[PDB]
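Here is the structure we will look at.
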Amino acid sequence: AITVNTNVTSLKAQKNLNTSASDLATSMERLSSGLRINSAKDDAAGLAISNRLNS
Amino acid sequence: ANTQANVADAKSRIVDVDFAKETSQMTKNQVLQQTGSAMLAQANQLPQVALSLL
Numbered sequence: 002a003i004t005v006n007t008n009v010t011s012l013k014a015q016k017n018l019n020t021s022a023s024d025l026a027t028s029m030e031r032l033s034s035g036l037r038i039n040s041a042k043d044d045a046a047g048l049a050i051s052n053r054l055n056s
Numbered sequence: 219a220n221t222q223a224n225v226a227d228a229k230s231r232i233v234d235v236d237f238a239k240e241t242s243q244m245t246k247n248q249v250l251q252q253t254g255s256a257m258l259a260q261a262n263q264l265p266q267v268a269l270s271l272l
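In order, the protein sequences belong to chains W and Y. Residue numbers for the first sequence follow PDB author numbering, beginning at 2 and rising by one. Residue numbers for the second sequence follow PDB author numbering, beginning at 219 and rising by one.
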């Protein structure tokens with residue numbers, strides 16, 4: 002069909018572009034900080050193990 | 219004289235700096251400054267994707 006009111010290819014392209022931008026921002030943060038684990042989003046058990054090793 | 223030597227040793231253990239450790243910390247923070255500068259300069263260019271969509 003040739004339709005004007007809905008465009009699905011654009012929706013899917015938007016979602017892919019957003020995923021790529023998120024990944025790039027995460028990498029930029031990790032290079033700026035120098036650490037792999039900046040939150041518990043990253044690795045939760047490693048966070049606690051590293052707190053104990055830090056103590 | 220004996221006691222003065224031993225007490226000055228004791229005070230030095232508390233007050234004086236360690237050059238071997240402090241130079242290492244300095245070099246680490248130098249490298250981190252250069253990396254963070256590069257990363258911030260690259261971060262300020264993110265709003266330019268909109269011009270592509272526009």
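Yeah, the Cβ is synthetic: ideal placement off N, Cα and C, and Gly gets one too.
Boundaries of the alpha helix (DSSP H) in which residue i is found, first to last residue
| i | result |
| --- | --- |
| W:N19 | 9–34 |
| Y:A268 | 267–271 |
| Y:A259 | 237–261 |
| Y:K229 | 220–233 |
| W:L48 | 45–55 |
Close Cβ partners of residue i (< 7 Å) along its chain, the five nearest in sequence each way excluded
| i | result |
| --- | --- |
| W:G47 | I38 |
Euclidean distance between Cα positions of residue i and residue j
| i | j | result |
| --- | --- | --- |
| W:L12 | W:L25 | 20 Å |
| W:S33 | W:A2 | 48 Å |
| Y:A268 | Y:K239 | 47 Å |
| W:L18 | Y:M257 | 21 Å |
| W:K16 | Y:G254 | 30 Å |
| Y:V235 | Y:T241 | 10 Å |
| W:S56 | Y:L272 | 52 Å |
| Y:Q248 | W:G35 | 13 Å |
Spatial neighbours of residue i in its chain, beta-carbon cut-off 8 Å, leaving aside the 5 residues before and after
| i | result |
| --- | --- |
| W:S51 | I38 |
Cβ-based neighbour list, residue i, same chain, cut-off 6 Å, excluding 5 preceding and 5 following
| i | result |
| --- | --- |
| W:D44 | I38 |
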